[PDB]
Amino acid sequence: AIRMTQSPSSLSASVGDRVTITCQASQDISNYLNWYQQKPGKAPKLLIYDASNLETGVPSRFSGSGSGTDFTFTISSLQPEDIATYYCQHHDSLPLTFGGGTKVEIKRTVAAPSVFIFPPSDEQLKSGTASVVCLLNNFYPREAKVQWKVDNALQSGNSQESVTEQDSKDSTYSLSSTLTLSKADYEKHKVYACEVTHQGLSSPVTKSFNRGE
Amino acid sequence: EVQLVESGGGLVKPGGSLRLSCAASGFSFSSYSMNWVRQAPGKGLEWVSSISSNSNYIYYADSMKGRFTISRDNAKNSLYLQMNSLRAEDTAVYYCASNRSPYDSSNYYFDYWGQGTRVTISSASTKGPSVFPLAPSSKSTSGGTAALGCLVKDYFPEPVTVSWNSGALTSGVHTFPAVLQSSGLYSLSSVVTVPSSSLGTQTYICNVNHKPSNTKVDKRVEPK
Amino acid sequence: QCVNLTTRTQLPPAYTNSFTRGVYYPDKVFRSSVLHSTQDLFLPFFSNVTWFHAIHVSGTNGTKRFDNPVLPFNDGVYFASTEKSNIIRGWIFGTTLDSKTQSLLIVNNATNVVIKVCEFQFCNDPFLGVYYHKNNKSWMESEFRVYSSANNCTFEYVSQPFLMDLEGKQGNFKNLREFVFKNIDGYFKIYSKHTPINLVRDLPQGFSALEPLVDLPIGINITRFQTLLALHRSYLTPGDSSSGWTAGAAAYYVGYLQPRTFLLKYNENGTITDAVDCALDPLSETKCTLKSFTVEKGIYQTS
Ligand SMILES: *[C@@H]1O[C@H](CO)[C@@H](O[C@@H]2O[C@H](CO)[C@@H](O)[C@H](O)[C@H]2NC(C)=O)[C@H](O)[C@H]1NC(C)=O
Ligand SMILES: *[C@@H]1O[C@H](CO)[C@@H](O[C@@H]2O[C@H](CO)[C@@H](O)[C@H](O)[C@H]2NC(C)=O)[C@H](O)[C@H]1NC(C)=O
Ligand SMILES: *[C@@H]1O[C@H](CO)[C@@H](O)[C@H](O)[C@H]1NC(C)=O
Ligand SMILES: *[C@@H]1O[C@H](CO)[C@@H](O)[C@H](O)[C@H]1NC(C)=O
Ligand SMILES: *[C@@H]1O[C@H](CO)[C@@H](O)[C@H](O)[C@H]1NC(C)=O
Ligand SMILES: *[C@@H]1O[C@H](CO)[C@@H](O)[C@H](O)[C@H]1NC(C)=O
Ligand SMILES: *[C@@H]1O[C@H](CO)[C@@H](O)[C@H](O)[C@H]1NC(C)=O
């Protein structure tokens, strides 16, 4: 099958920035390419056909050009609703084959998160597990640091992490940390605290609780 | 108004057979042609089969040759697929899509999409869920605009729907990705940020629905 | 009805070779494993053929134009297409293409064809523009913008969607819809042929035959013709087809005919498999002199 190369795999730029996505094929196919847009948690939608034609109901801010084996997908000025995934697909004689896919993102100002703490439930401890919830809300950029200080002693290898996508409020992330522990080593300490370090935070944020509370 | 009612998902043992169906309502189903495309978790989209318009030309995927049967019925305007799979990776989400040509202008690109149906091929079976309330903990912050949620732990398979005020509240709801546990049971937390002044005014009940296991739990979230 | 488009970005045409295409069955006679010599209108091999690739190129104001000038008809026209998304629909054959003389019209509608000789009042820029948009219900719509008035429609014929439709299997982008038009003794004869290819755009060196399709008994005089493009209306502006729109990169080739003498080889079933043009070069002259595709040593006599 013909190979699709998409460049970049993912680029980040602020609003009102020209965005170029280059799709290249391994065979001359003239203008038989289509561009499909998929919003997160939603079925894909078609934007451009014949590599240069704008459909009805598609915002005019999007455009495309190119021919032969090289094609360009153009965003003249970014607006805060274009965050989605884009796919380029040929259309000649092979039944179908999609490309790798390109996800776009926005480079914007740094943001600080909100830190929430939740102690494990007693019924879970009866079951034999302790799940401490440490939540980071609306942080940017991508990376963050999470630490656990338990009676001034570090506890490691006992947490699971999850990260959400850019939000529609300020295009930030939300992170959830489930500190999972057994009752064997949970009862030998007193003060459990979650600490957060982030580029938007000048110091780790300590949220602590003691035994019996 | 174009509606694509789809059904046929579920979890089966390797080598099983299933009956996918999606009915098109609101347009000339016979005049146009449908098409199929599947998506693995975290993977792109791949074509499956085609039926054209008069069923005169039929196309099948090379990787799945002689495995799937596709048919359509214009008498009641529906599209059926006898899915016979002997491979586990076929676990994915399917979509039946519509074209733009009247009958067949020049091959088949996509114009409309469905919602996607879930198909799982595994030795594991369906298991009941567990509900844990992530209590509204302003704690350091004063009263007002606190986050509360409910977590579904040890459930399988996707999805579980968590709704507040018996489904009346949906804005400001964050659904964390289903974490993959050691046993394979899915687990996800739904957290909403709501004012704390309404904690004692409007009752907060997180209704958790698991259609594959048909388990409904209305967990109460009281002010704290 | 009448619509104007600005689209005056001009550019000269381009030329290619016909190589060895343009051979059609001259009669209804069937023969087997014999060589036949005939004299008739044909397309001389390795010819001077025009290529009309003049429309907007995919880029920043990539030379937008309407590619449909009127052309002389003379004795016969060979029309070749390489197009997949059905941009070209039909044709108009006439003498003055006005409200004073008759003119034959051919138009396809993704179904059975519409054929009629009548007296239309064509617009300045003839075209028909269609668009698929869910307005009352999803995915319908036919349109009509070709002319303003039509008087004295003396013939009607609706038979089939032409061989332009009804593709086979595998293959796919056949993109070699070849047509030859002739007007002899009040009879309009049309030939057609389809052949799969494996290249984006070129005339392959292979050999093919063109079958008779229809012989309409019209009897009107044709001196000029013009093609019809299925304009796509990107209905996102209130200026309809008289405003911003977008379509593909369709193009076509037109060649003319002159009287020639040809040698035709019939296979054992009755299909032409190889032709020899008499007036090409000394080898062709000798091979036309004596009926044979192979010649031995010696010295031979010619014209
Ligand atoms: C394309 O045009 C042809 C020519 O008018 C249409 O054929 C006629 O369509 C009308 C309206 O549907 C019918 O009332 C006639 O009976 C048709 N003529 C026949 C069957 O000989 C054709 O329907 C058009 N196709 C599309 C898709 O618009
Ligand atoms: C085409 O139609 C027009 C209008 O019907 C014809 O115009 C008149 O036709 C009548 C009889 O055919 C003549 O007596 C008139 O002299 C014509 N002109 C006017 C101004 O009335 C026209 O003749 C028709 N042409 C053909 C070839 O049939
Ligand atoms: C189109 O323009 C030509 C010349 O500019 C004019 O003769 C003709 O009437 C115009 N047609 C319209 C405006 O419909
Ligand atoms: C046909 O003639 C034109 C001049 O009229 C010439 O430019 C062209 O090269 C010729 N065709 C080919 C294939 O060379
Ligand atoms: C199709 O829909 C449009 C918009 O609703 C309407 O104006 C038009 O009359 C409809 N067509 C028919 C044949 O009713
Ligand atoms: C062209 O028109 C003239 C005048 O009516 C007519 O005599 C002639 O026969 C026409 N041409 C043909 C091929 O019939
Ligand atoms: C001719 O006809 C025969 C059957 O009568 C068929 O087998 C063959 O393929 C045809 N073509 C040739 C070149 O023999």
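The residue numbers shown here are sequential, starting from 1 for each chain in the order of its written sequence. They can differ from the numbering used in the entry, and residues that have no coordinates are not displayed. Chain labels run from A onward and ligand labels from 1 onward, assigned in the order the entries are written. For clarity, the chains displayed are a part of a larger assembly, and the values are limited to that part. Calculation of side-chain values draws on the structure's entire complement of heavy atoms; hydrogens and water are dropped beforehand.

The record lists cryo-EM as the method behind this PDB entry and 3.6 Å as its resolution.

The PDB entry annotates chain C as Spike glycoprotein of Severe acute respiratory syndrome coronavirus 2.

Going by the PDB entry, chain B carries the name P008_056 Fab Heavy chain and comes from Homo sapiens.

> It is not clear to me how the pairing of strand β2 (residues 19–25) of chain A should be interpreted in this structure. Could you clarify?
All names here are of chain A. Burial along β2 is one-sided: the face carrying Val19, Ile21, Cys23 and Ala25 is buried and the face carrying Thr20, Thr22 and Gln24 is not. Bridge count for strand β1 (residues 4–7) against β2 is 4 bridges, and the pairing is antiparallel. Bridging from a neighbouring strand, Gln6 pairs with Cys23 of β2. Here 6 bridges tie β2 to strand β7 (residues 70–75), and the two strands are oriented antiparallel to one another. Within the sheet, the bridge partner assigned to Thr22 lies in β7 and is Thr72. Whether a residue is buried, partly exposed or exposed follows from its accessible area with a 1.4 Å probe, protein chains only, as a fraction of its type maximum: under 20%, in between, or over 50%, in that order. Comment: elements are numbered from the N terminus, with helices defined as DSSP H or I runs of at least four residues and strands as E runs of at least two. Paired strands, as defined in this entry, are two strands with at least two bridges between them according to DSSP.

> Honestly, the site of ligand 4 in this entry has me stumped. Any pointers?
Residue and element names in this part refer to chain C. Around ligand 4 sit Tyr15, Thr16, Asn17, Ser47 and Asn48, and that is every residue in its neighbourhood. Bound to the protein, ligand 4 loses 45% of the 350 Å² it would expose on its own. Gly is put with the polar residues, along with every residue not named as nonpolar or charged; the nonpolar set is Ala, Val, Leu, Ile, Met, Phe, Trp, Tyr, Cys and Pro, and the charged set is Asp, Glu, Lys and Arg. Looking at side-chain class alone, the shell around ligand 4 contains 1 nonpolar, 4 polar and no charged residues. What makes a residue near a molecule or strand is one non-hydrogen atom of that residue sitting within 4 Å of it. Here, Shrake-Rupley sampling with a 1.4 Å probe gives the accessible areas, and only protein chains in the shown set may cover a residue.

> Would you take a moment to explain a nonpolar patch on the surface for this structure?
Residue and element names in this part refer to chain C. Each patch groups residues whose relative accessible area exceeds 30% and which form no salt bridge, using 9 Å between like charges and 5 Å between nonpolar side chains of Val, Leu, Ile, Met, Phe, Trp and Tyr. Salt bridges, as used here, are contacts in which a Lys or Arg side-chain nitrogen is within 4 Å of a carboxyl oxygen on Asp or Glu. Together, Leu283, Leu290, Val295 and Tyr300 make up a nonpolar patch on the protein surface, roughly 330 Å² of accessible area in all. Its place among the elements puts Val295 in the segment after α1 (282–289). Residue class for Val295 comes out partly exposed when judged on its relative accessible area of 35%.

> What am I meant to see in the sheet that holds strand β2 (residues 23–24) of chain C here?
Two orientations exist for strands paired in a sheet by backbone hydrogen bonds: parallel and antiparallel. Here 8 strands make up an open sheet; going across it, the order is β1-β4-β16-β6-β12-β13-β14-β2 (chain C) and the pairing mixed. For this open sheet the edge positions go to β1 (14–16) and β2 of chain C, each flanked by a neighbour on one side alone.

> Where do I start with unusual backbone geometry in this structure?
As a rule of thumb, non-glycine residues mostly have phi less than zero, and peptide bonds are mostly trans rather than cis. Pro141(A) follows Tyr140(A) through a cis peptide bond whose omega is 5°. By the secondary structure assignment, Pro141(A) is in the loop between β11 (130–139) and β12 (145–150). One non-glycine residue, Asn61(C), lies in the positive phi region at around 55°. Among the structural elements, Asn61(C) can be located in the loop between β4 (49–52) and β5 (71–72). Among the residues examined, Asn61(C) registers a relative accessible area of 67% and is labelled exposed. Unlike most non-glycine residues, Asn152(C) shows phi in positive territory, near 60°.

> Whenever I open this one, the UniProt feature "disulfide bond" in chain C confuses me. Can you help?
Residues and elements named next belong to chain C. In this model the UniProt disulfide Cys2-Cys123 is open, its S-S distance of 4.9 Å reaching 2.5 Å or beyond. The topology assignment puts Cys2 in the segment before β1. Among the structural elements, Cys123 can be located in the loop between β9 (114–122) and β10 (128–130). Regarding the annotated cystine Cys118-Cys153, the two sulfur atoms come within 2.0 Å of each other, below 2.5 Å, so the disulfide is formed in this entry. Residue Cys118 is located in strand β9, and its partner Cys153 is located in the loop between β11 (147–151) and β12 (178–184); the two are separated by 35 residues in the primary sequence. Relative accessible area serves as the criterion here: at 40%, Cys153 is assigned to the partly exposed category. The disulfide definition used here is simple: a pair of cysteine sulfur atoms within 2.5 Å. UniProt positions are given in the numbering used here, feature names are shortened, and annotations may be inferred rather than shown by experiment.

> Please clarify how empty space enclosed by the protein should be interpreted in this entry.
Any space left empty among the atoms is revealed by the rolling of a water-sized probe across them. Using a grid of 1 Å spacing that covers the protein atoms alone, one calls a set of points a cavity when a 1.4 Å probe fits there but cannot get out, and a pocket when the set is open and has protein on both sides within 12 Å along at least five of seven lines; lining residues are those with an atom within 4 Å of a point. Grid points are joined across faces, edges and corners, and a volume is the space filled by probe spheres set on the points. Applying the stated criterion across every chain, the model contains 9 cavities of 30 Å³ or more. Within this model, the largest cavity holds a volume of roughly 60 Å³. Taken together, the residues that form the lining of the largest cavity break down as 7 nonpolar, 1 polar and 2 charged.

> How should I be thinking about the pattern of salt bridges in this particular structure?
Two side chains with opposite charge may pair up if their charged atoms get near one another. A full pass over the atoms with the stated rule returns 12 salt bridges over all chains. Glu46(B) is paired through a salt bridge with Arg38(B); the nearest N and O atoms lie 2.9 Å apart. Among the residues examined, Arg38(B) registers a relative accessible area of 8% and is labelled buried. Sharing partners across several salt bridges, the network here consists of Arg61(A), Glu81(A) and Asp82(A).

> Is there a simple way to explain the state of the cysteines in this structure?
Two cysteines form a disulfide when their sulfur atoms are joined by a covalent bond. Applying the stated criterion across every chain, the model contains 6 disulfides over all chains. A sulfur-sulfur distance of 2.0 Å marks the disulfide that ties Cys150(B) to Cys206(B). Its S-S torsion of about -85° marks the bond between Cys150(B) and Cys206(B) as left-handed, since a negative value means left-handed. Placement of the pair is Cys150(B) in strand β12 (residues 146–155) and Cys206(B) in strand β16 (residues 204–210), with a sequence separation of 56 residues. Here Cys278(C) engages in a disulfide with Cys288(C); their sulfurs sit 2.0 Å apart. What sets the handedness of the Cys278(C) and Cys288(C) disulfide is the S-S torsion sign, and at about -100° it is left-handed. Taken as a pair, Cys278(C) in the loop between β18 (272–277) and α1 and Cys288(C) in helix α1 lie far apart in primary sequence, 10 residues in all. With a relative accessible area of 16%, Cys278(C) lands in the buried category.

> What exactly am I supposed to notice about the interface of chain A and chain B here?
Often the size quoted for an interface is simply the accessible area lost on bringing the parts together. Facing the 32 residues of chain A at the interface are 27 residues of chain B. Summing both partners gives a buried area of about 2600 Å² for chain A against chain B, and 65% of it is carried by carbon and sulfur. The interface formed by chain A and chain B includes 0 salt bridges. Under the rule applied, a polar contact is a pair of N or O atoms within 3.5 Å (in protein, one hydrogen donor and one hydrogen acceptor; residues adjacent in sequence only if both atoms are side-chain atoms). Inspection of the region where chain A meets chain B yields 6 residue pairs in polar contact. Listing elements by their share of the side of chain A that touches chain B, those giving two or more residues are β3 (33–38), β4 (44–49), β10 (114–118), α1 (122–127), β11, β14 (159–163) and β15 (173–181) of chain A. When its residues are assigned to classes, the side of chain A that touches chain B shows 15 nonpolar, 12 polar and 5 charged. Two residues qualify as a contact provided that any one of their heavy atoms is within 4.5 Å of a heavy atom in the partner residue. Throughout, the accessible surface (probe 1.4 Å) given up by two parts as they are put together, summed over both, is called the buried area.

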